[PDB]
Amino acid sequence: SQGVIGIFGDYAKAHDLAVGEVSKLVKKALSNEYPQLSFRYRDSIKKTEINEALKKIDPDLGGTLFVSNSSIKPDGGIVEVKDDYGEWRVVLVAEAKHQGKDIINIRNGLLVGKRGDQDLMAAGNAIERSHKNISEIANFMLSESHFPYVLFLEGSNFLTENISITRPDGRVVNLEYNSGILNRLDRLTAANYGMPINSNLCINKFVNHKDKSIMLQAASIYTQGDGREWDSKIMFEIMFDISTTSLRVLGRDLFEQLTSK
C-alpha cells in the first residue's frame, strides 16, 4: 500500500514465498524504512535464552532444562532490532499451520473414513501444539509490553465463512463453517483471550481484578476463512503491520540512534 511496501508485497506474491522467506522480507523492508536501526533475523531461539530471560525477572523462574541443546524454531523465524542499550528486542515472530484436507478430498472424489463412506473427515486436534511456542515466546517477552506473535492458519478445519466444494461427479458439498465436525478454530482462541481473530493484538492489554492488576499477551491469529491458501502479499503486509506496531511500543529505547545515526 504505502509506496515502497507495495513493491515488496508484489515481490512476495510473485514467488509465493513461504512465511519464513516473507519474514526475511519484513527484515528487508523494515531496514529500508529505518536505516538508523539495526535489524537481525534468526531461525532459532533456545531454552537457555528463554530461561535466562525468565531469571532476569524472578530468581525462581527459568530454572529448568533437561535436554541442554533445547531450542524452538518458529517456521517464520524471529526478527529483531538493537535498542539504545545494545540489547536486542524482538519485533516479530511468526508461525504457519495447516489442517483439513477435506476441500482437496471432496475436490478429487476421494471419500474418507474407516469404511470409505465418509464425505468429511472427523477433525483432529493437532493444532493444539501451536500453544507451546506461544507460551515460550510469551515467556521470553514477559518483560515487554508487546507480543508480536502472528499465527497463520489454513485448511478446511479453519473456515470462517460457508463454502460449497464440488466433487468430480458434479455433486456439491455444503461445508458448514460452524460445525464441530470440521471447525477447530476454538482450539486456538485461548491464545488471544477470545479477542478478534484477524486482528493486530500486538500491544498488551493490562486488565485488572482486585488490587491484582495483570498483563495479557495475545497472539494475533489470522485465518483464510474461505479455506483457500494465503496470498503471500497479504501475509507480508500483516507481518509488516505487526512489526511496525512492535517498533512503536519500543520507541523509548530506539530514540537516540534513530535521531543520532
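The numbering used is simple: start at 1 and walk along the sequence shown. Basically, rigid core = biggest C-alpha set you can superpose within 1.5 Å across the two forms.
Averaged over structures and residues, the CA distance from the shown form in 4 other deposited structures of this protein after a core fit is larger for 114-122, of the two stretches 114-122 and 155-163. Superposing the other copies on the rigid core and comparing 204-212 to 230-238, farther C-alpha placement in 4 other deposited structures of this protein marks 204-212.
As recorded in the PDB entry, 39-47 is the stretch of 39-47 and 192-200 with the greater mean C-alpha temperature factor.
Averaged over CA atoms, B-factors in the entry run higher in 208-216 than in the other of 208-216 and 49-57.
The entry lists C-alpha B-factors for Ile134, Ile165, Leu159, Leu151, and the highest of these is at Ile165. Looking at the C-alpha B-factors along this chain, the one for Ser145 belongs to the lowest third. Among all modelled residues in this chain, the alpha-carbon of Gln118 has a temperature factor (C-alpha) in the highest third. The deposited CA B-factor of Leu30 belongs to the middle third of values across its chain. When the modelled residues of the chain are ordered by their C-alpha B factor, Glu128 lands in the lowest third. Residue-level temperature factors show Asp16 in the highest third of its chain, judged at the C-alpha atom.
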